[PDB]
Amino acid sequence: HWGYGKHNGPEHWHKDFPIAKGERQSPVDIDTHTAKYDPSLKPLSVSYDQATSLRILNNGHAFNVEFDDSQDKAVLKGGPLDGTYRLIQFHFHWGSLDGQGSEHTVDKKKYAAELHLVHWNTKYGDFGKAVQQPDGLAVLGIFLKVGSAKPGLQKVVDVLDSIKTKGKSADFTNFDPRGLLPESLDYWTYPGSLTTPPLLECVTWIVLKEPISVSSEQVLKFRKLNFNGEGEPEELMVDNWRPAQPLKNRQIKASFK
Ligand SMILES: CC(C)NC[C@@H](O)COc1ccc(C(=O)NCCc2ccc(S(N)(=O)=O)cc2)cc1
Ligand SMILES: CC(C)NC[C@@H](O)COc1ccc(C(=O)NCCc2ccc(S(N)(=O)=O)cc2)cc1
Ligand SMILES: [Zn+2]
């Protein structure tokens, strides 16, 4: 099945998921001089104070922190969005080396990792319906650079030993995702897709301009996870990122001058 290796990686995905060559695929390179400021874009509204985290899962491609999305608890509104989008899960993509790991790039620059806070449009009733709609999902993307530690990330880092291999999960209640946000909410936005199979073209991407900084030790602990299941040959979970895809007939808009 699909993955990130030489024989099942991003260049192979189109054989099972032909939309991989579609008209609104993600990620993309963000050319900062070509993005256009849109003064009609509204400020993002990130309302995470009532968030209810449940569990953390190694799914064989990344690790997901899952939330209770059966009521309006942690929601994203405003910006380019119409309506209310509920937080379902967050996860990361990261590299084997500090100079790679992000999916989006900025003037061709790669960051060490990228956080994806995944939300779905409540007008579609459930997440499975939302992925079938062109405005079904909103993913808030946040770049990570290596520098000082991010204190709000450490509780995630410290549970990773309990979910080393594919299929392992652990309780993960009372986690506050506000501790993963940078100071500024300035953003770029464009219509795109899921960056893993099934690659559905259902995402309004909102990518923050300001990265967060994490320590060497924090990212090193990401790199100790395994793609494989327990008792299978060990393959380190690193370089789980899709490279930039053609922009095609799309304009990236900026919320800031
Ligand atoms: C349990 C509550 C609290 N939260 C979890 C909830 O948000 C997940 O909701 C879902 C998730 C999946 C479905 C569903 O219909 N699955 C069958 C079709 C289906 C399969 C795979 C995907 S994927 N790989 O893009 O995410 C999406 C839909 C329907 C609802
Ligand atoms: C009917 C069954 C099969 N569904 C129940 C059970 O399998 C769980 O269902 C699901 C299915 C999927 C999810 C879920 O989180 N899917 C994420 C799909 C997804 C989301 C975001 C990205 S990215 N890199 O663009 O941000 C990529 C893939 C959550 C629950
Ligand atoms: Zn992702």
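The analysis underlying the following values was restricted to heavy atoms, covering all of them including side chains, and did not include hydrogens, waters or symmetry mates. Position 1 is the first residue of the sequence; numbering continues from there. Remember, it's 1-based here, ligands and their atoms both numbered in the order they're listed.
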Visitor: In the protein, what heavy atom is nearest to atom 22 (C) of ligand 2, and what distance, to one decimal place, separates them?
Guide: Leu194 CD2, 3.9 Å
Visitor: Do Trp188 and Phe256 have their ring centres less than 6.0 Å from each other?
Guide: yes
Visitor: Does a donor on one side chain sit under 3.5 Å from an acceptor on the other, for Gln25 and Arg242?
Guide: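 Short answer, yes.
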Visitor: Check the angle between the aromatic planes of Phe63 and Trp94 and answer parallel, tilted or perpendicular using the 30° and 60° thresholds.
Guide: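 Tilted.
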Visitor: Considering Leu137, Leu199, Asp126, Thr52 one by one, which has a heavy atom nearer to atom 29 (C) of ligand 1 than any of the others?
Guide: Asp126
Visitor: Could you tell me if any non-hydrogen atom of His93 lies under 4.0 Å from any atom of ligand 2?
Guide: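 Contact check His93 vs ligand 2: positive.
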Visitor: Is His91 near ligand 2, meaning one of its heavy atoms is under 4.0 Å from it?
Guide: yes
Visitor: Do NZ/NE/NH1/NH2 and the carboxylate oxygens of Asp107 and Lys109 come within less than 4.0 Å?
Guide: no
Visitor: So what does the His93 NE2 - the Zn ion (ligand 3) - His116 ND1 angle come to, to 10°?
Guide: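 The two atoms form an angle at the metal of about 100°.
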Visitor: Would you indicate which of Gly128, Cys202, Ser70 comes nearest to atom 13 (C) of ligand 1 when only heavy atoms are counted?
Guide: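 Heavy atom nearest to atom 13 (C) of ligand 1 belongs to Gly128.
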Visitor: Keeping to residues at least two apart or across chains, list the side-chain hydrogen bond (donor to acceptor under 3.5 Å, both in side chains) pairs with something in residues 110-123.
Guide: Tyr48-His119, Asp69-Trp120, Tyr85-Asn121, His91-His116, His93-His116, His104-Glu114, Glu114-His116
Visitor: Students often mix this up, so state it plainly: with edges at 30° and 60°, are the rings of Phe90 and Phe175 parallel, tilted or perpendicular?
Guide: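 Rings of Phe90 and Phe175: tilted, 30 to 60°.
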Visitor: Answer yes if a protein heavy atom lies under 4.0 Å from atom 16 (N) of ligand 2, otherwise answer no.
Guide: yes
Visitor: Would you please indicate if the ring centroids of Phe92 and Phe222 are separated by under 6.0 Å?
Guide: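 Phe92 vs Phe222: aromatic centres under 6.0 Å.
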Visitor: Among all protein heavy atoms in this structure, tell me which lies nearest to atom 24 (N) of ligand 2, with the distance rounded to 0.1 Å.
Guide: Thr195 OG1, 2.7 Å
Visitor: Work out whether the distance between some heavy atom of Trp241 and some atom of ligand 2 is less than 4.0 Å.
Guide: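 No, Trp241 has no heavy atoms under 4.0 Å from ligand 2.
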Visitor: Please work out which of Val131, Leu54, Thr196 has its closest non-hydrogen atom nearest to atom 27 (C) of ligand 1.
Guide: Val131
